[PDB]
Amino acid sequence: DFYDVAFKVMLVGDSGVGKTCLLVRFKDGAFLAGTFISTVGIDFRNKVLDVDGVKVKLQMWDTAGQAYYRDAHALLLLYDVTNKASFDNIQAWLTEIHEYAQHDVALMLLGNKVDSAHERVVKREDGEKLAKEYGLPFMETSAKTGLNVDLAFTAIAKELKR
C-alpha cells in the first residue's frame, strides 16, 4: 500500500489501559482476549488510511506504561474508564508530553474499555470535561468491541493532514 503523506503517532498512558490492544484492533481488526503481556520497550507498526482522498501512513508506536516524544507528530493518550487512577494520572502524562514532545504535536484523549467486561468508574462527562480543559479532542473506545478505534486514528490522521 502506497501513500501521500506519513506521520509518527505514539500511544502513551498507564500500564494496563489498553495501548497494545488498541493498536492490535486498529491494525488487525481483532481483539485477542489473550495473555496480558506488558510492553517493555517501544516498537512500531504501519497502517495506511484514506483521509479526504489522501492516503496517510501512520507509523504507530506502542510504549511501556510501567527522546521518543521529540520525534512524534501526534500522541494518543489513553486511560481506562474502569481504573480511576489511570484517569487521575492523565495530567501527569500531559505535563510530560508538553515538556518533552515537539510543541506542535497533535493530541487526543481516549477513555478506553467502554464495554461489558468491567464496571465504569469514570463517567464520559468527566473525560469530556478534562479534554475541554486542555483543548484536546476526546473519544471513548474499546479494543474489545472496536468502539471508535478506526474513528480515533482517522481523526488524528485528519488533524495531522490538515
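The first residue of the sequence shown is number 1, and the count goes up from there.
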Zero if continuous, otherwise a range: how many residues of the deposited sequence are missing coordinates between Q66 and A67 (none, 1 to 3, 4 to 9, 10 or more)?
4 to 9
Mean B factor on CA atoms, stretches 56-64 and 42-50, record says higher is 42-50
Would you tell me which stretch averages the higher CA B-factor in the PDB entry, 149-157 or 134-142?
134-142
Could you say whether, by C-alpha temperature factor, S116 belongs to the lowest, middle or highest third of its chain?
highest
Of the three thirds of the chain ranked by Cα temperature factor, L109 occupies the lowest
